[PDB]
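Just one chain follows, in the form deposited in one PDB entry, and it is written as structure tokens.
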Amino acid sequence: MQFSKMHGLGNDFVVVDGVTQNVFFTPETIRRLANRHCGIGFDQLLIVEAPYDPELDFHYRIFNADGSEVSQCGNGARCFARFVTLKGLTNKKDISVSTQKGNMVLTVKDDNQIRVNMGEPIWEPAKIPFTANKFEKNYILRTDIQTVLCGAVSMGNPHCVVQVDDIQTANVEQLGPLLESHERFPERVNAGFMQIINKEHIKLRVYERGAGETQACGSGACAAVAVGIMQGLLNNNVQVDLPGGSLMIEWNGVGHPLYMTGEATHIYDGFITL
């Protein structure tokens, strides 16, 4: 198996061309390869596949370090765009991709950043998925040590966004794991902790489903901003500062796609026998 190693703000990926290779594996193999000392080392593994809808350019699959397959990853989408460009799978400036859920568009900007059309955020609890009687802007999640309030939203993956007073002292280390597998999120959830600096600027930490606290989560940045906009606490264009760097999120509201712009970097190429 040929692969490439990439990162987006220090959220690191194995990216595989599954167009010119026949790529498949077990979750055990994913977990072995994710290990940083005895494997390759990654937060997620991404596959570029031929599209099912031949009008699109590619299909996009995402696997967490724990071996789980999921339907979204924003930092990965930016790396996907850089990968297919660098490796000559396409030279289009606007690249259309499917996932297990919805479609996206990856735009390779002249400054080399990638702007991703992530699709429209999803609010309906059953679709997140999230167990709730009714849609609300804030939901109560009881944990063993604290009851917290969150907004809940899907970007193709589930997010619970908790607002915090101070990002450095937020109890991500204990609350993250308790929220990630909270009973009300039947497919688990990415737990984001958001400090609002002003209506155009937040700081964010994300305890990811399947990966723990990474250096950056693009979909989590998207979700945090969507939630703050829904709650009337943020404006439509927001700088999000994650441990590994910043992203720009733009969302004009319900009915509109959400856009995420930031860096993506190729590191090295590899070969491994699975």
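All residue numbers are counted from 1 along the displayed sequence.
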{"item": "76 to 84 or 126 to 134, whichever carries the higher mean Cα B-factor", "value": "126 to 134"}
{"item": "Stretch exceeding the other in mean C-alpha B-factor - 5 to 13, 18 to 26", "value": "18 to 26"}
{"item": "Top Cα B factor in the deposited entry, candidates 154, 195, 190, 112", "value": "112"}
{"item": "Out of 40, 233, 50, 211, residue topping the C-alpha B-factor column of the entry", "value": "50"}
{"item": "Ranked C-alpha temperature factor of residue 237 among modelled chain residues, by third", "value": "highest"}
{"item": "Where the record places residue 145 (Cα B-factor, split into thirds across the chain)", "value": "highest"}
{"item": "Chain-wide C-alpha B factor ranking for residue 204, given as lowest, middle or highest third", "value": "lowest"}
{"item": "Residue 91, C-alpha B-factor rank within chain (lowest, middle or highest third)", "value": "highest"}
{"item": "Chain third (lowest, middle, highest) by recorded CA B-factor, residue given as residue 101", "value": "highest"}
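The same protein also exists as the form deposited in another entry; that form is not shown, yet it is the one meant from here on.
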item: Option at the hinge, rigid-body rotation between this form and the one not shown, list 60, 73, 229, 260; value: 260
item: Residue 71 and residue 208, C-alpha gap in the other entry relative to this structure (3 Å or more); value: closer
item: In the other entry, shift in Cα separation for residue 154 relative to residue 46, 3 Å or more; value: farther
